[PDB]
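Structure first, commentary second.
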Amino acid sequence: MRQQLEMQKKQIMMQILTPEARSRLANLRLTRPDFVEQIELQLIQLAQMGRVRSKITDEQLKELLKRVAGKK
């Protein structure tokens, strides 16, 4: 029960997903709403996918932060 049952998560880790990436998004949710909203769209679609699409890593997410985050 569980663990072996499919488990759609580690599969992403093998493509470009880091424990920090997931925790990052949840972490940023309290910082900027912009990052999560846009990233979520691409993030939710990428991770939920099961072929060759994995959620963006904290590294790429960060760069995405500058992307999503307006100017200052």
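A short reminder: the numbers here are calculations on the coordinates, not readings from a lab. Cβ coordinates were reconstructed from backbone atoms using ideal geometry, including for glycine residues, and neighbour counts include every protein chain displayed.
Can you spot a residue in region 47-67 that is of a type in the set (A, V, I, L, M), free of Cβ contacts under 8 Å to residues at least 24 places away in the same chain and part of a loop (DSSP other than H, G, I, E, B)? Yes, region 47-67 has at least one match. Filtering region 1-36 down to residues that are touching a helix residue (DSSP H, G or I) at 6+ places or on another chain (Cβ under 9 Å), among the basic types (K, R) and outside any loop (DSSP other than H, G, I, E, B), which residue is nearest to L65 (Cα to Cα)? Checking each candidate, the answer is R24.
Take the conditions surrounded by 14 or more Cβ atoms within 10 Å (Cβ to Cβ) and among the small types (G, A, S) and apply them to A21. Does it pass? First the steps, then the outcome.
Values: surrounded by 14 or more Cβ atoms within 10 Å (Cβ to Cβ): yes; among the small types (G, A, S): yes.
It is true that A21 is surrounded by 14 or more Cβ atoms within 10 Å (Cβ to Cβ) and among the small types (G, A, S).
Before we move on, is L46 out of contact with any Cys (no Cβ under 7 Å at 6 or more places or on another chain), within 18 Å of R67 (Cβ to Cβ) and of a type in the set (A, V, I, L, M, F, W, C)? Steps first, answer last, please.
Numbers: out of contact with any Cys (no Cβ under 7 Å at 6 or more places or on another chain): yes; within 18 Å of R67 (Cβ to Cβ): yes; of a type in the set (A, V, I, L, M, F, W, C): yes.
Spelling it out, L46 is indeed out of contact with any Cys (no Cβ under 7 Å at 6 or more places or on another chain), within 18 Å of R67 (Cβ to Cβ) and of a type in the set (A, V, I, L, M, F, W, C).
Of the residues that sit in region 19-72 and are farther than 22 Å from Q8 by Cβ and acidic (D, E), which one is farthest from the chain's Cα centre (by Cα)? My answer is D34.
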